[PDB]
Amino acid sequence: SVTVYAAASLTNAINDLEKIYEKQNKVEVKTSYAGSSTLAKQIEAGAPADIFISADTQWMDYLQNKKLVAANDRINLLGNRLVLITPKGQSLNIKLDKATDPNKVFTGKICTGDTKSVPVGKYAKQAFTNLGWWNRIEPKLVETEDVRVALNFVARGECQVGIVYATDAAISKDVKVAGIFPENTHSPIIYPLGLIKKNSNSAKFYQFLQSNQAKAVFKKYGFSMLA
């Protein structure tokens, strides 16, 4: 068997690829989804993940610095974009630009990942700082431990606005995009793929995730394939 720990934004894509791989191989694929921070810390504490897919470079670097992944056993796999979402039926259009006043357009809470640790929240905080919004945004935050928890708060109408990835907005019929953050407001959203345990089965699944067959699944969900 192969155990794959993956950022919560990858839940649907990796579940699809797990099913495909299991049909094509006599191998059991075990999956665990959470915030990239939680997953990396668990691996550090000895969790038996063979493969880790982070929603940012930082949490893979975190493991590399602790010698848990080698520089030659990781590759930048996927890209994404950062978006504002609202519940269906409370649509907005907000320009993510310095000229916009967050106190005028955000009149409730803003739900996203913890801005210190969860990739989606770290990207969001970079963007708020770049836009000059941080000290007006921070008092409105409801912070979660992965991007899908935040997506569901907005889908249930429990928060007026959320910040999630473009792929998360696409998966939920219950939320709509209220604005796309320009790429120049934050570091590029990059998903590194890391081979943590080097064995025959794990190396095969690591290559499979880079295959022409996997590219079709990721693109279907709205991820970009990195060069």
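So that there is no doubt, residue numbering starts at 1 and follows the sequence shown.
S.K.: So, looking at the entry's B-factor column for Cα atoms, which has the higher mean, 20-28 or 7-15?
M.R.: If you average the C-alpha B-factors of 20-28 and of 7-15, the larger mean comes out for 20-28.
S.K.: Mean C-alpha B-factor higher for 99-107, or for 143-151?
M.R.: It is 99-107 that shows the higher mean C-alpha B-factor.
S.K.: Checking the record values for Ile163, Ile189, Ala70, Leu39, which has the greatest CA B factor?
M.R.: The listed residue with the largest C-alpha B-factor is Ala70.
S.K.: For the chain shown, is the CA B-factor of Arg74 in the lowest, middle or highest third of its modelled residues?
M.R.: CA B-factor rank for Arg74: middle third.
S.K.: Which third of the chain holds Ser54 when residues are ordered by C-alpha B factor: lowest, middle or highest?
M.R.: Its C-alpha B-factor, which the entry lists for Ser54, ranks in the lowest third among residues of this chain.
S.K.: Please place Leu63 in the lowest, middle or highest third of its chain by C-alpha B factor as given in the entry.
M.R.: For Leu63, the deposited C-alpha B-factor lands in the middle third.
S.K.: Comparing against every modelled residue in the chain, figure out the third that the C-alpha B-factor of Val175 lands in (lowest, middle or highest).
M.R.: CA B-factor rank for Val175: highest third.
S.K.: Consider only the C-alpha atoms of the modelled residues in this chain, order them by B-factor as the entry records it, and name the third containing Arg156: lowest, middle or highest.
M.R.: Answer is highest: the recorded C-alpha B-factor places it there.
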